[PDB]
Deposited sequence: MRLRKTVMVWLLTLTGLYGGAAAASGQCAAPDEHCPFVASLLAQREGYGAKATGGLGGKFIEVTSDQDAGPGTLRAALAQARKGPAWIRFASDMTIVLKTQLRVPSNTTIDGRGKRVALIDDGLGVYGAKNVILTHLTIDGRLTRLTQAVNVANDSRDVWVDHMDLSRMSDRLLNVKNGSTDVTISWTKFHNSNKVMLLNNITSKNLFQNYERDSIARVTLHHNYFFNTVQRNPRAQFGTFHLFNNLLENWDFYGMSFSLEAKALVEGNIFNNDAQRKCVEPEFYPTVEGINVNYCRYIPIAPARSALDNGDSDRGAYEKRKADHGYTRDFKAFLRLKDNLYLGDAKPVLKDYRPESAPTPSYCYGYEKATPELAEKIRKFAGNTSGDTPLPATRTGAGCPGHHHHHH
């Protein structure tokens, strides 16, 4: 490991774990190592300085020591870059990572905690970004968003990541026009795989997904305060082997208030007793009102609902099923090979143990249509 090539064992070990729509990402493979030696927001040896250097050519960024990096603005991640916090405890505080117009990016083993300090995002994959792998992250306390994949971005895998202690967690595409399908051609190309993630002590949008093609398998949603998942507007999703666990009688752990653009907002603690039955919003409910009000003038021929195929999802504790198959024939049958596990309480335990920015290893356990010899 003089360089991040296929012969470097920790490069090879990481790349062996790839699966899903982001599985082609190699980040800084074949480029240079850059070792972050300063924990400052900016300056020599900083993460920000490393990312600037990474604009010049493929870079695999590692950290010299455990560090807390208090960010004043969001970091911008260029193409062909890996940010690799393995072997160290690295936390980004108050701001996060923007992946804008970038191809071929791997983010692994980092903590990002917004502390509700400012209106920003932990991981923002936007504006024609592609081939992005978000792995073993620990993301929390963003007053805007933990993670977006939006605005013509595609070919993304989110794996083994702990999303916690935050309100509006994840958007898979957004809506920025009154005509709900105005950006459909642009955003329907989004292909995103979510597997082995842990959504714990969050409020909502776990994820909220529209327009694109999504595969959610073997995720654990636990102790949400408002709703778990939401799908609408011809999202096409295969939702399989996930575990939803909740209890209507538990102590609230939300902050007293949330900062917002319009000022201070109350928390969602009063919804705890009705949250378990809202494992998801009903299919299409996120945008149904707008769709029904606007369909007269816009003449929508696309569905307000998502096309869903659901298999082998658990509903534990007080959690109750909501989502059912709807036009399942139009949901994806992913072209790739993936390591699907039967949904059991033992799987939930595995996810709680290993999801996030953890020290233990998560090698792939694989059959399916995309698996040569093992269909």
Practice task
Enumerate the deposited-sequence segments absent from the coordinates, judged by C-alpha atoms, in order of position.
Solution key: 1-27, 393-394, 405-408
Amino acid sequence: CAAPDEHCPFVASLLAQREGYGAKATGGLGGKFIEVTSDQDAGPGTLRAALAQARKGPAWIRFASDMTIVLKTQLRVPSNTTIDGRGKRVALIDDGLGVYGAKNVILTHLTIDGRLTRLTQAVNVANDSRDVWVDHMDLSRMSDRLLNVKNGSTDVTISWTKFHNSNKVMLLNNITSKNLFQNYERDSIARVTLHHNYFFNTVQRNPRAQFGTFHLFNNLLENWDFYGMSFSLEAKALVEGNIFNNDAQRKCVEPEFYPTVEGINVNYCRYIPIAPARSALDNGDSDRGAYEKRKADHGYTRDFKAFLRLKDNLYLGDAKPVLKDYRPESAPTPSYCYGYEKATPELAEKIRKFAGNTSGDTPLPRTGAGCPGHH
From here on, numbers count along this sequence of modelled residues.
Fill in the blank from the handout: Per the PDB entry, mean CA B-factor is higher for 257-265 or 232-240, namely for 257-265
Exercise for the section: Taking the mean of the C-alpha B-factors per stretch from the entry, tell me the winner out of 293-301 and 113-121. Expected result: 293-301
Exercise for the section: Could you tell me which one of 251, 215, 150, 205 shows the highest CA temperature factor in the PDB record? Expected result: 251
Exercise for the section: Would you mind checking where the Cα B-factor of residue 178 ranks among the modelled residues of its chain, as the lowest, middle or highest third? Expected result: highest
Exercise for the section: Could you tell me which third, lowest, middle or highest, the C-alpha B-factor of residue 65 occupies within its chain? Expected result: highest
Exercise for the section: Ordered by C-alpha B-factor within the chain, which third holds residue 337? Give me lowest, middle or highest, please. Expected result: highest
Problem - Chain-relative CA temperature factor third for residue 96 - result: lowest
Completion exercise
Entry-reported C-alpha B-factor of residue 162 relative to its chain, by third, is lowest
